[PDB]
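For reference, the structure is listed below as structure tokens.
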Amino acid sequence: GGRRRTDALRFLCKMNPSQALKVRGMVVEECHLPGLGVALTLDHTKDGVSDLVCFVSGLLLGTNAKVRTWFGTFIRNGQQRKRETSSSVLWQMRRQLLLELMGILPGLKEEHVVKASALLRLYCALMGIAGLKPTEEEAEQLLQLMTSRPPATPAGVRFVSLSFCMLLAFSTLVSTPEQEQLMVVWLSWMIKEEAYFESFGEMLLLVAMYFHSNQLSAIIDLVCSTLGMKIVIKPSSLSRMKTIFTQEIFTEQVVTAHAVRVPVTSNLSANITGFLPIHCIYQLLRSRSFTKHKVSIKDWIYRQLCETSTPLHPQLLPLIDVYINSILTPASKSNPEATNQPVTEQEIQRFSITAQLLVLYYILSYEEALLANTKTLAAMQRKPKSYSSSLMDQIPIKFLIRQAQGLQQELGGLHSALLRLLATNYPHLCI
Amino acid sequence: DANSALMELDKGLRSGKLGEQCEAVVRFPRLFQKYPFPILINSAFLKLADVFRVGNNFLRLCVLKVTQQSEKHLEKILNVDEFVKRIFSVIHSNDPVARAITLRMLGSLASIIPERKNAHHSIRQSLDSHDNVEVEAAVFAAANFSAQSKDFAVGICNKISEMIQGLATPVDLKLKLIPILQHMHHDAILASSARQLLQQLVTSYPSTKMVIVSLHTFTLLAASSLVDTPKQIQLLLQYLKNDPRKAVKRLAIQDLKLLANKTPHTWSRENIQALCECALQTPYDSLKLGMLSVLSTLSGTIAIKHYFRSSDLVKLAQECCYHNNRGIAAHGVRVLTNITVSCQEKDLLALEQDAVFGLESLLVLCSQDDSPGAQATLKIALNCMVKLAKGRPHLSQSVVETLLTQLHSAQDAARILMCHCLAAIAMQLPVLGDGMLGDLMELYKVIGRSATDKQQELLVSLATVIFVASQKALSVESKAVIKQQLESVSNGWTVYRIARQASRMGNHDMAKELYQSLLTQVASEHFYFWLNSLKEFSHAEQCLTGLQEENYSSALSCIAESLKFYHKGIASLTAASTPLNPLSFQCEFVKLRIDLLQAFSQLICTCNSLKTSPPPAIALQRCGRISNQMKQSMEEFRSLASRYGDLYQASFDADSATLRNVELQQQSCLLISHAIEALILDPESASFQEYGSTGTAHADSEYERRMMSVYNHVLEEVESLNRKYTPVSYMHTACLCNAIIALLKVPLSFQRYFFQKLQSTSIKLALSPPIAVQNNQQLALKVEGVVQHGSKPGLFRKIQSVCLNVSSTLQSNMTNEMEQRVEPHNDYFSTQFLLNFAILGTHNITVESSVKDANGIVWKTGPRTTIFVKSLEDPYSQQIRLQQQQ
Amino acid sequence: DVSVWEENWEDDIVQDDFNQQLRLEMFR
Amino acid sequence: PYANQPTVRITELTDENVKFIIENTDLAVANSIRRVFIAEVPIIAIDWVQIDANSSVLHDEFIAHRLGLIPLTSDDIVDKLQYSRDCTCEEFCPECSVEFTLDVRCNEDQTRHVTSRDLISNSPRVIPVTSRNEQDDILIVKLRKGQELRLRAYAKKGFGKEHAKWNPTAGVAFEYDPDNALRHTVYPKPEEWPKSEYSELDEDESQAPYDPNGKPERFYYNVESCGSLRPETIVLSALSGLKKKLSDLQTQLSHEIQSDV
Amino acid sequence: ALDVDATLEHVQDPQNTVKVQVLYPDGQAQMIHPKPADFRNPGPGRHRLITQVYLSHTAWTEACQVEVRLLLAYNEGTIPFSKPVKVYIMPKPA
Ligand SMILES: [Zn+2]
């Protein structure tokens, strides 16, 4: 009955081509006869992104939950039965999608990269929501597309992040040794790439830390947010991915040397949330990784503080605390800020008021901790390196704490920390 | 948590070293923001008051800072008496700094505990103290308590009078002591006594600082106590003309500006005449600028109507319109513009051209130097240009002509501003297209090599005014525009904004040309789908440009070609949706356009079916098929009108122009349906006279103007054919098809809400949460929600209601119809509902949240929330029911 | 404050998330 | 110095039992969690019966004792109920009790089974476990012709520390270190010991190599509920109850600290 | 029971025009006409409406609040008069 009905409307729309997409709209609206709508989209073509990709992408990734479930049931049923008889129109649309995949493949070009990302999000929707189990040829060409090298344009960054998150989400599509080593060599080439970071490096560092800390649910949420849909994952394949990742792709040395190269979150605050490079640097600093692998972090901390905006992101104060504690370790320790840098920062070019408040909190906490930890010096006279008295004379402590008192609500724990530092260390300013 | 954090803060408090105590105390308000729980707030403030009582003065200062920051959480204090009692105890300390901090504490607590008479006595005794810090703290606390307590204000006014008149009080203390009197607005005799005191102050203490402070606080007091406003105005004018000091005159200007900003209607003709005399008389251009700013502020309001042919105001404004200084000229010509657009006397006809040539001179003056003050004066003059061309439309040809002749020579910023002004003028009247279009086009050629910064914005504004000027198709001109974009822009954001304006003004072919160029250079797939969908919509609308009047086969062909690209575009745009920023309005708007074009195609097909399917041998009736399909078309168009209506209602965040555009779509659907009815279905009983006051049809755009013109033509054509013919004649078909073709000929005009979302809002709608409930114990539900906001809450529409409607159904009919309208009062509403489920099945609960704005318009905006409730009886009740059922 | 064209689409300097993201992704 | 970071890994979530793994925690914490499962999870069971007719061969105490052991669906009622001693009513009030009635007369010449269906509740949420909608009901007593059983019984909140009927669990399979790496148990002949189900070892090995630095780190649970509460609810209620026990002890300790200093 | 006291200022004939209205958290608006004996007139121009008012319902899932509010009735047809006060209600099953 369904076959006869679909043949009847196929013949009707073949007799009246101008109203074919109207009938496709009726199919979508009534959630009835999905195969007819797919066939009408296919039969219509008998420049740029194809109409079929737009249609099935809007079906699977649109906000309409009922249409999503209805089409997912259609995809699952067509996949399960008939043992690939190629008579059902599902296989016709699979063939056309495979035609588009091969056509986009050459690295990728300036005009084809965004189309490739649209195709990858379509396959995201298919494998994740629709439960489609691809053929080995389909997976092979998908992997060929994934590992392609875009020309480092922002579309390239988006496409590479999409491909990486698809590798994480559907690692069950690898299931072969040769594609596994293809994946790892592509990953290593991505690591050595530098133009991508200036983002992709942020999420790469994030997934490295999640894997090292075995925070897989965070990986699931990150990949789901990146692709733009919720997917069932079955993290066992992700556990194998974690073992290969933390073993060869990311050890502590490469992740530290990459974390310093990650850009600082520009204009951060409590407004922008979720895990950030500040969290990753802080967790790495808590593990004393930068001094263990002889990795300079001072410039990153200075740049991060300089880029802070007017509300206070909560991780900055613990970051400064652990960083200062990292400047005080006997055998080897991180370097302090260079006297010049504070001088210019505080000078009378322009900097955020939070930048001044954080660097001032750094200076005051640093000197207080220096006077506190002196019982376990075990190092040369110049090793603690207390700041010059002239440096203190240049800093306007009272003026900046007046400013902090003015903008108290934004800063949060910073104003309280500054008041404690001022009361303990500069009582003559607390008259 | 709450308790954990409070315990940590108390631990910091007991620490006994000052640093940790101060840290904890100043940490308290952040805790209040974290957990606004009144038990926590009360206990925390009790601990703060206890550490305040015993603790050095710096700790007390930190506590004072907390209380000043946490003023709102003071309302949630229960043990007010104990808290204040232990705060108040330290007023007996012999240490004057401790007394000062205590007085400031009571001043911070004046809101929650006014009329605490011992506190009043402490303010009064500390007022005449010797320590300077204690006296200042007493003054501050007196200010707060006078703002709060009427009894304190009347008690303290005499003390303040004798304190100023006292001689041991130094001048600076007198100066701080005067503006307590601005809080004597509780009573009429109180205000009158304070006014008498202030008069004594200005006469007996004529120093510049003290007259400034006294006559400024007298202004504020008369502003609050409205009875004294006219005598305050006349005092200020008297001081403006008489007192020679520039500081006194400047204050008189600024606070008269304050009064004119708040109560312009109380200004008399005598006051305006006196101010005009002052402005004419003064030689100082800064003073002239100030009181002319006051005059412009008055002229904006109804005070000019109260002021009224030739007069000192008119002589002033003519004289100052051509002033050497730019600011005086700008204000004077604003005054001229306001007077011109207000009245319609026969002497004003000579005044309008004076105003026009004044605006001309301002354009010649302010269009070269590019200073920020020049930008201010240019904006004032251009807003005046827009105002008097809109208000006096017979004077717009000369306005546009001088704008055209000046656009060649002005700098880039002046070009941007004049293009904005010209775009407004052109949007308000359509009779000047091709000519000025050619001049702006020959201007457009030389934009490729103007500068590097303002070049992009100038290109956007110039293309915008080109599109507003244009009302037809252009090919070589579009080639020139596209060549300019490829040659000099190479950016895309400028191209995207220009394409946006092209879509807005209905120039869709060149918009398709630009949108197609932007597909390659985008980076995310969502924006790729969005730009592709815009390209398809623009191409689809341009397909309707090829329509022709009285050619219905061409109409069918063009509508089919349009619908194909429209369907491709709506598929692509649905692909553009994302969890964040879901294109709800764009999806629904395009879908209603889809359904409207399909309805038009069906109606034209049926009108052709009148002759393509003659009736049977049946001896309305005798035209059964055509009548039934007319009826189906009628139902379809009414449903389309209803869907445009609920789309309007779901568009709470949209700007007024987008709502009017959607309203026009709905009205076109209603027009077609009514034409069907009155020509075919019910002609006899549709005896309606189209006696609407069409003269006041203030069209806000050229697109809307064409919409009203075509509505009027279709309606009068229908009226001319009310009962002339049998309802299935070919003339009915011709009328309906011509209505469809004329409606489609005016191209679609997308609007701001399609492209650009502002003033977002939403409801979380938390409520008590497959839920069983005893049938007898009927459900008690708590429903609450917060109103989210994107940037400013009240940009377009203000929300003060939530008309939560809730219903119920069985076997998931309509048994629990009930609703409550709640004012949120803190952007958070909370209410309860009682729900009956005597039926022992499963009931689904559907709860809605419509919003009534300030004007009373209801917007179905809030989320549709559904839960399932299982209803059942206890086994004992079930068992006795079974025993009793037989 | 004072505005020439009351209904101007370029007035809003800081835009919503959609237009901000589209701007950054095309201002290059 | 400070708390651990205990992660959870659940392997089975059947409607009758839950099997889960807790890592990064002490042995004492895990064992106390097991003890709180058994003895400190309040449920509702019958603890007061009034027999006004019993012609059955089983005497009154027999019937009452059997009634107390019948499990009742304690889900979400125990959260809001109160202990009977803690309630202000002079009787069993609804805010602290659930009334059950039974009146079975065997007027037939064939044997009557007084199943758990005859326990009629005054509330629908709490009922005998078998009554929830396959499986047979609990037999209170068998009745021949002429014998009756009339009783009104009340169910109150209570925990296993007072009586076994308030135990929500039936078998708490707690196990750690299956491969005997810590050597907390010594096998004289380790080869003839069957491997545990959570063993990470192969068939060749008898026990794992000893690890001196190792401490009990991974704990294996299997909490089998008797049906009164969901096993996941049993675990969560146990955690909350242990936490509130510690909170009460901390409050009392702080009071004594105040009274002392 | 619910004892209700209100101070009514500048009303001519409160005992024939002032109606107490209660709103259960549903459509029910049970309106009460107090007897003329409870309208006292302790001072000129101001009254005292010392009235006991009775409420009832069936069992509720938990406590909720009923809005009790003064009304003013004119020659039929009535208007709100005062600020609606809500009072919590706890109907416990017997
Ligand atoms: Zn009780």
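Residue numbering restarts at 1 in every chain; chains get A, B, ... in the order shown in the structure tokens, and ligands count up from 1 in that same order.
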
Within 9 Å of chain B, which residues of chain E come that close, and what is the closest atom pair and distance in Å for each? Count only C-alpha atoms and give it as a tab-separated table.
residue	atom	partner	partner_atom	distance
E:24	CA	B:834	CA	8.5
E:25	CA	B:833	CA	5.4
E:26	CA	B:834	CA	6.0
E:27	CA	B:818	CA	6.4
E:58	CA	B:777	CA	7.0
E:59	CA	B:777	CA	4.5
E:60	CA	B:777	CA	5.1
E:61	CA	B:780	CA	4.9
E:62	CA	B:780	CA	6.0
E:63	CA	B:780	CA	7.5
E:64	CA	B:832	CA	6.7
E:65	CA	B:832	CA	7.7
E:92	CA	B:777	CA	8.8
E:93	CA	B:777	CA	7.5

Output C-alpha atoms of each residue in that selection to a file, as a compact mmCIF listing (two decimals), in the first residue's frame.
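Saved file selection.txt follows:
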# COMPACT_ATOMS: atom_id res chain seq x y z
CA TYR E 24 -9.60 30.23 46.69
CA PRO E 25 -6.74 29.24 44.37
CA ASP E 26 -9.25 28.37 41.64
CA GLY E 27 -12.17 30.12 39.97
CA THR E 58 -11.11 19.45 50.62
CA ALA E 59 -7.61 18.10 51.11
CA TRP E 60 -4.73 19.83 49.34
CA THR E 61 -1.36 18.41 48.36
CA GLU E 62 0.28 21.06 50.52
CA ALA E 63 -0.57 24.47 51.92
CA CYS E 64 -1.65 27.25 49.59
CA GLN E 65 -2.90 30.78 50.02
CA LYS E 92 -5.33 18.04 56.26
CA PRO E 93 -7.24 14.83 55.45

List as a CSV table (one decimal) with C-alpha atoms, in the first residue's frame the protein and nucleic acid residues lying within 8 Å of ligand 1, with only C-alpha atoms and all ligand atoms counted.
chain,number,residue,atom,x,y,z
D,82,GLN,CA,7.7,11.5,60.6
D,83,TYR,CA,8.7,9.1,63.3
D,84,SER,CA,5.8,8.1,65.5
D,86,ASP,CA,8.6,12.4,67.1
D,87,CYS,CA,5.0,13.1,66.2
D,88,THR,CA,2.8,15.2,68.4
D,89,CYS,CA,-0.5,13.3,67.9
D,90,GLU,CA,-1.8,11.1,70.7
D,91,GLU,CA,-2.8,8.5,68.1
D,92,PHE,CA,-1.4,7.4,64.7
D,93,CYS,CA,-1.9,10.5,62.5
D,94,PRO,CA,-1.6,10.5,58.7
D,95,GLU,CA,1.5,12.8,58.9
D,96,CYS,CA,3.2,10.0,60.9
D,97,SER,CA,1.4,6.8,60.0

With a distance threshold of 6 Å and counting only C-alpha atoms, extract the residues of chain C near chain B and express them as a PDB file with N, CA, C and O atoms, in the first residue's frame.
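Writing the result to out-v4.pdb gives the following:
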ATOM      1  N   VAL C   4      19.515  60.657  14.175  1.00  0.00           N
ATOM      2  CA  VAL C   4      18.965  61.210  12.944  1.00  0.00           C
ATOM      3  C   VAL C   4      17.847  60.322  12.418  1.00  0.00           C
ATOM      4  O   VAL C   4      16.695  60.749  12.288  1.00  0.00           O
ATOM      5  N   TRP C   5      18.174  59.073  12.114  1.00  0.00           N
ATOM      6  CA  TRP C   5      17.222  58.123  11.557  1.00  0.00           C
ATOM      7  C   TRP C   5      16.744  57.272  12.723  1.00  0.00           C
ATOM      8  O   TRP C   5      17.481  56.417  13.221  1.00  0.00           O
ATOM      9  N   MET C  26      32.973  37.348   9.197  1.00  0.00           N
ATOM     10  CA  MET C  26      32.979  37.958   7.878  1.00  0.00           C
ATOM     11  C   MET C  26      33.765  39.257   7.815  1.00  0.00           C
ATOM     12  O   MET C  26      33.992  39.762   6.714  1.00  0.00           O
ATOM     13  N   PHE C  27      34.187  39.809   8.950  1.00  0.00           N
ATOM     14  CA  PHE C  27      35.017  41.007   8.976  1.00  0.00           C
ATOM     15  C   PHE C  27      36.485  40.665   8.766  1.00  0.00           C
ATOM     16  O   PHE C  27      37.332  41.061   9.574  1.00  0.00           O
TER      17      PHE C  27
END

Practice prompt. Identify, on the basis of only C-alpha atoms, every residue whose closest approach to residue 626 (chain B) does not exceed 10 Å; exclude the query and any residue fewer than 2 positions from it along the same chain; express the result as number ranges by chain.
Written response: B: 606-611, 613-615, 620-624, 628-632, 680, 728

Worksheet item: Given a cut-off of 8 Å, which residues of chain A touch chain B, counting only C-alpha atoms, written out as an MDAnalysis selection string?
Response: chainID A and resid 18:19 21:22 25 51 54:55 57:59 61:63 110:111 114:115 117:118 154:156 158 228 409 412:413 415:417 419:424 430:431

Just write the chosen residues, C-alpha atoms, as a compact mmCIF listing (two decimals), in the first residue's frame.
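The result, written out as part.txt:
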# COMPACT_ATOMS: atom_id res chain seq x y z
CA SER A 18 6.39 22.77 -10.31
CA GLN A 19 4.48 21.46 -7.27
CA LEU A 21 8.48 20.57 -3.37
CA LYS A 22 5.01 21.60 -2.21
CA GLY A 25 6.40 20.24 2.36
CA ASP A 51 19.44 20.56 -2.06
CA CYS A 54 19.88 21.05 3.09
CA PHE A 55 16.65 19.03 3.25
CA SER A 57 20.02 18.48 7.55
CA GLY A 58 16.98 20.63 8.32
CA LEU A 59 14.98 17.49 9.00
CA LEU A 61 18.89 19.11 13.09
CA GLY A 62 15.85 21.37 13.16
CA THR A 63 14.21 22.15 16.47
CA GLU A 110 38.77 27.73 0.07
CA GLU A 111 35.29 27.22 -1.41
CA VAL A 114 32.44 25.15 4.36
CA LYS A 115 30.48 22.69 2.19
CA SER A 117 31.73 21.09 7.21
CA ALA A 118 28.02 21.10 6.31
CA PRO A 154 38.71 30.20 9.95
CA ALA A 155 36.48 27.84 7.96
CA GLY A 156 39.41 25.43 8.17
CA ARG A 158 35.78 25.12 12.17
CA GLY A 228 25.27 20.89 18.12
CA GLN A 409 30.38 44.11 43.38
CA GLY A 412 34.05 39.37 44.29
CA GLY A 413 36.79 37.75 46.33
CA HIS A 415 38.29 43.13 47.09
CA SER A 416 38.26 40.99 50.23
CA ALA A 417 41.72 39.63 49.43
CA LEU A 419 41.59 44.42 52.04
CA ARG A 420 43.20 41.57 53.97
CA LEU A 421 46.54 42.23 52.28
CA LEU A 422 46.31 45.96 52.97
CA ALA A 423 45.30 45.49 56.61
CA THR A 424 48.04 42.98 57.36
CA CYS A 430 44.09 51.53 56.98
CA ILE A 431 43.77 54.56 59.23

Item to complete: Please identify all polymer residues within 9 Å of residue 100 (chain A), counting only C-alpha atoms, omitting same-chain residues fewer than 4 positions from it, and present them as a VMD selection string.
Response: chain A and resid 49 to 50 95 to 96 104 to 105 119

Writer output for current selection, C-alpha atoms, as an mmCIF file, in the first residue's frame:
data_model
loop_
_atom_site.group_PDB
_atom_site.id
_atom_site.type_symbol
_atom_site.label_atom_id
_atom_site.label_comp_id
_atom_site.auth_asym_id
_atom_site.auth_seq_id
_atom_site.Cartn_x
_atom_site.Cartn_y
_atom_site.Cartn_z
ATOM 1 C CA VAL A 49 25.782 22.750 -1.581
ATOM 2 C CA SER A 50 23.155 20.290 -2.774
ATOM 3 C CA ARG A 95 24.295 7.020 -2.973
ATOM 4 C CA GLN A 96 23.744 10.721 -3.668
ATOM 5 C CA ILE A 104 34.123 17.526 -2.356
ATOM 6 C CA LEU A 105 37.303 15.464 -1.880
ATOM 7 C CA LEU A 119 28.390 17.520 5.055
#

Give me, as a PDB file with C-alpha atoms, in the first residue's frame, all polymer residues having an atom no more than 10 Å from residue 273 (chain A), counting only C-alpha atoms and skipping those fewer than 4 positions away in the same chain.
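To be explicit, this is the file written out as selection-v2.pdb:
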ATOM      1  CA  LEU A 268      37.158  36.977  30.377  1.00  0.00           C
ATOM      2  CA  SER A 269      34.809  37.478  33.309  1.00  0.00           C
ATOM      3  CA  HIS A 313      36.217  35.402  36.440  1.00  0.00           C
ATOM      4  CA  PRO A 314      36.346  33.287  39.624  1.00  0.00           C
TER       5      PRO A 314
END

Worksheet entry | Distance filter 12 Å, only C-alpha atoms, chain A against chain D, as JSON, numbers by chain | {"A": [213, 214, 215]}

Item to complete: Run DSSP on the backbone and grab whatever in region 728-815 of chain B lands in strand (DSSP E or B); send it over as a ChimeraX atom specification.
Response: /B:761-763,766-767,771-774,778-789,799,803-810
